[PDB]
Structures are given as C-alpha cells and as structure tokens.
Student: 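Structure incoming, see below.
Excluded from the calculations below are hydrogen atoms, water molecules and symmetry mates; all remaining heavy atoms, backbone and side chain alike, are included. Heads up: numbering here begins at 1 and tracks the sequence.
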Amino acid sequence: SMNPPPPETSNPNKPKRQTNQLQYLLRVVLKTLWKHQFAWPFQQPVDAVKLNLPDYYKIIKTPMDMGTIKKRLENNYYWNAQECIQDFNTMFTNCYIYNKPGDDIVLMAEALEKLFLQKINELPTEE
Ligand SMILES: CCn1cnc2c1c(=O)[nH]c(=O)n2Cc1ccc(CNS(=O)(=O)c2ccc3c(c2)CCCC(=O)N3)cc1
C-alpha cells in the first residue's frame, strides 16, 4: 500500500568525496546506461502502488534505482567507486529477485548490466 521513503542521496553526517573514478561513474557509466532505450523503468524508485507490483517492498528491503545513484553521485555521497558499483548491482539484483527469470523487465536489466560491465571494464586508475 504505501511506498517507503526513497533512499537518501545526501546525509550531513556521512563524509563526502569526489574522485576521478566517481566522476567517470557519473559522466560515462551512468550516462551511458541512462540513454538506453531500456533504462526508463530503472530511472526512479519503484512506485509499487502505481505499478501494482504486489508485495514489492515486502520482498525488496534494499530498493535502488538509477535516479538515486545519479543524485548520490551529483551530491558526492559516495566515498569510493565500490559503494557506487554496489548500488548498481543492488538495482539489478532486486530486479532478478522480484521478477521471474526470463520476464521482459529482467531482459531489460540484463541488457543494462551487460553494458554496465563493458563500461566499468574501463574504469580509470585512481588519480
Ligand atoms: C525495475 C523496477 N520496475 C519498474 N517497473 C517494473 C519493475 C519491476 O521490477 N518489475 C516490473 O514488472 N515492472 C513493470 C514493467 C515495466 C516494463 C516492462 C517492459 N515493457 S517494454 O519495455 O515495453 C518491453 C516489451 C517487450 C519486451 C521488452 C520490453 C524486453 C526486451 C524485448 C523483448 O523481447 N520484449 C515490463 C514490466
């Protein structure tokens, strides 16, 4: 019935950083996924109410979406690339867990994940 509050994108008690890797994650990785024709279901938190996705937040207790990731990067929320990569992987995994294998939304996530891995293969060394 109700949706939970979306994930935080900034916190005044969590230290903030910019790194060249995090800049690549925003400017190259996130933007490359975001343009994809299959990105739109992943661009905002799941509205379980409007999507009619039964039990979404009964099953998924660590929701994540690319809009949240984008805003985290914009706000210097991540300390390191591993934290950001983990959020992408949580987003994909949530899709694989909630939906049935082979579902069209799963095909979309798999296409985005393949592309994500292409792009992170080229993550620069830290400056
Ligand atoms: C990712 C969060 N999220 C947002 N909407 C979500 C979810 C979720 O987890 N589960 C869901 O069923 N939902 C609803 C939902 C949202 C969207 C869709 C997919 N609609 S489509 O793009 O026109 C489409 C149609 C045919 C098709 C594909 C994609 C896959 C590739 C080509 C292919 O062979 N078949 C199907 C279900």
Student: Would you call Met64 and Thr68 a side-chain contact if the rule is heavy atoms closer than 4.5 Å?
Tutor: yes

Student: Which donor-acceptor pairs under 3.5 Å do side chains of residues 97-107 form with protein atoms, sequence neighbours excluded?
Tutor:
residue, atom, partner, partner atom, Å
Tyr98, OH, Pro54, O, 2.7
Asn99, ND2, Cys95, O, 2.9
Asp103, OD2, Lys100, N, 3.0

Student: Check salt bridge (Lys or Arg N to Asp or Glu O under 4.0 Å) between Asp65 and all other residues, then give those that pass, not counting sequence neighbours.
Tutor: none

Student: For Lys31, does the NZ atom sit with more than 12 other heavy atoms under 6.0 Å from it, leaving out its own atoms?
Tutor: no

Student: With rounding to the nearest 0.5 angstrom, report the CG to CG distance, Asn76 to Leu22.
Tutor: 8.0 Å

Student: Ignoring hydrogens and geometry, is there a side-chain-to-backbone donor-acceptor pair from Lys119 to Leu115 under 3.5 Å?
Tutor: no

Student: Using side-chain heavy atoms (C-beta onward) and a distance below 4.5 Å, is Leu123 in contact with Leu25?
Tutor: yes

Student: Distance to the ring centre below 6.0 angstrom and angle to the axis at most 45 degrees; does that hold for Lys16 and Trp79?
Tutor: no

Student: Can you say whether the rings of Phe38 and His36 are parallel (under 30°), tilted (30 to 60°) or perpendicular (over 60°)?
Tutor: tilted

Student: Donor-acceptor pair, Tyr57 side chain versus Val46 backbone, under 3.5 Å?
Tutor: yes

Student: Could you tell me if the side chain of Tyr56 sits less than 4.5 Å from the side chain of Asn94, heavy atoms only?
Tutor: yes

Student: Within this structure, what is the CG-CD1 distance for the pair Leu53 and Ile60, rounded to the nearest 0.5 Å?
Tutor: 10.5 Å

Student: Please assess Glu8 against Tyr77 for the test side chain to side chain donor-acceptor pair (under 3.5 Å), listing each intermediate value before the final yes or no.
Tutor: CA-CA 9 Å; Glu8 70 178 13; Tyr77 180 83; 2.6 Å; yes

Student: Calculate, to the nearest 0.5 Å, the distance between atoms CG and CD belonging to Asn20 and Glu127 respectively.
Tutor: 4.0 Å

Student: Is it true that a side-chain atom of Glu126 and a backbone atom of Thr19 form a donor plus acceptor pair closer than 3.5 Å?
Tutor: no

Student: Roughly how far, to the nearest 0.5 Å, is the CE atom of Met91 from the CD atom of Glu113?
Tutor: 9.0 Å

Student: Look at the side chain of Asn75 and the backbone N and O of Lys71, then say whether any donor-acceptor pair between them is shorter than 3.5 Å.
Tutor: yes

Student: When rounded to the nearest 0.5 angstrom, what distance separates SG in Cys84 from CD1 in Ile69?
Tutor: 6.0 Å

Student: Could you state the interatomic distance from CG (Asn89) to CD (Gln82), rounded to the nearest 0.5 Å?
Tutor: 12.0 Å

Student: Kindly state whether the ring of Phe92 and the ring of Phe116 have centres lying under 6.0 angstrom apart.
Tutor: yes

Student: Can you spot which of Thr9, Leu33, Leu26 makes a side-chain contact (heavy atoms from CB on, under 4.5 Å) with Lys70?
Tutor: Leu26

Student: Quick one: salt bridge (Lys or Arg N to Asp or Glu O under 4.0 Å) partners of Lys35, sequence neighbours excluded?
Tutor: none

Student: Evaluate the side-chain proximity of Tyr24 to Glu122: yes if any heavy-atom separation is below 4.5 Å, no if none is.
Tutor: yes

Student: Give me the atom names and distance for the closest heavy-atom approach of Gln21 to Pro124.
Tutor: NE2-O, 2.8 Å

Student: Begin from the C-alpha positions of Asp87 and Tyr78 and carry the test side chain to side chain contact (heavy atoms under 4.5 Å, CB included) through to its verdict.
Tutor: CA-CA 10 Å; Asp87 282 348; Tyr78 300 115; 2.6 Å; yes

Student: Applying side chain to side chain contact (heavy atoms under 4.5 Å, CB included), run through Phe88 and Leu30 and close with a yes or a no.
Tutor: CA-CA 9 Å; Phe88 278 100; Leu30 180 285; 4.1 Å; yes

Student: Give a yes or no on this: more than 12 heavy atoms of other residues, nucleotides or ligands lie within 6.0 Å of atom CD of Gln118.
Tutor: yes

Student: Between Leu117 and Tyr96, is there a shared hydrophobic cluster once you connect ILVMFWY residues whose side-chain heavy atoms come closer than 4.5 Å?
Tutor: yes

Student: What do you reckon, is CZ of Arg17 surrounded by more than 12 foreign heavy atoms closer than 6.0 Å?
Tutor: yes

